[PDB]
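Here is the structure we will look at, set down as structure tokens.
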Amino acid sequence: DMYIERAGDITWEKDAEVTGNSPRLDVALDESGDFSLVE
Amino acid sequence: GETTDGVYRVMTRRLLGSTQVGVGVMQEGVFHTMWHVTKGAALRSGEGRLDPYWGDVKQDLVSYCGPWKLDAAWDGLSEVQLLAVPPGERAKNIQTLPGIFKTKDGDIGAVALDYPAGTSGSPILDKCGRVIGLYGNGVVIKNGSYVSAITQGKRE
Ligand SMILES: O=C(NCC(F)F)[C@H](Nc1ccc2c(c1)CNC2)c1cc(Cl)cc(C2CC2)c1
């Protein structure tokens, strides 16, 4: 059996840690909700 | 039981000890998570029970207690925040500029951040604090890194 526990508020934090790249990827979505890379 | 708006952890006592399988968003009395996290099963909130209401394996989304309530969308230009809720760790806001998932049916936003599988369901926010989608369904690129789609449902 699964359960839920609160972890916080949904708010934008000004001055948060800014990391991460922005890639443009060609992908395919199958009937099972699984993404794959198209080449 | 707990009806408060906010971000929640989705836990299970089936494996060893307590394990975090995913994350979700409570909003307008509706709990929103990724389908692969709960597999549509009912959820406990202390003494209360949350029954699934809407679900779709292709979209990889599921709502509890009511229809999908999250409708905000990424504008294609602005940076966003991943309110990541990692297993055994505190909630953390990670600002990033999303990339793109190009599909035969259109383009989707994409956040390129690496987190354990139990982090799927974590909300992605805009400058107003509105949930524009959920992190936790994507792909693994050639360098082993994880890229997630900004998965958003449809409001009725
Ligand atoms: O997005 C995922 N896809 C597989 C992966 F190759 F990308 C993965 N969850 C997942 C699992 C089962 C299903 C679906 C999604 C949808 N249809 C069934 C995941 C999510 C996060 Cl946050 C992390 C990881 C780590 C391992 C990299 C994996």
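Since chain B takes its numbers from Swiss-Prot, the residues it shows come out as 1514-1669.
Cβ atoms here come from the backbone N, Cα and C positions, even for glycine.
Per Swiss-Prot, active site, charge relay system is recorded for B:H1549, B:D1573, B:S1633.
Counting only the Cα atoms, the space from B:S1633 (active site, charge relay system) to B:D1573 (active site, charge relay system) is about 11 angstrom.
Taking Cβ-Cβ distances under 8 Å and a sequence gap of 6 or more within the same chain, the neighbours of B:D1573 (active site, charge relay system) are B:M1547, B:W1548, B:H1549, B:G1649, B:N1650, B:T1664. Within 10 Å of the Cβ of B:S1633 (active site, charge relay system) there are 26 other Cβ atoms, across all protein chains. Cβ neighbours within 10 Å of B:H1549 (active site, charge relay system), excluding its own Cβ and spanning all shown chains: 20.
In the three-state DSSP reading, B:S1633 (active site, charge relay system) counts as coil.
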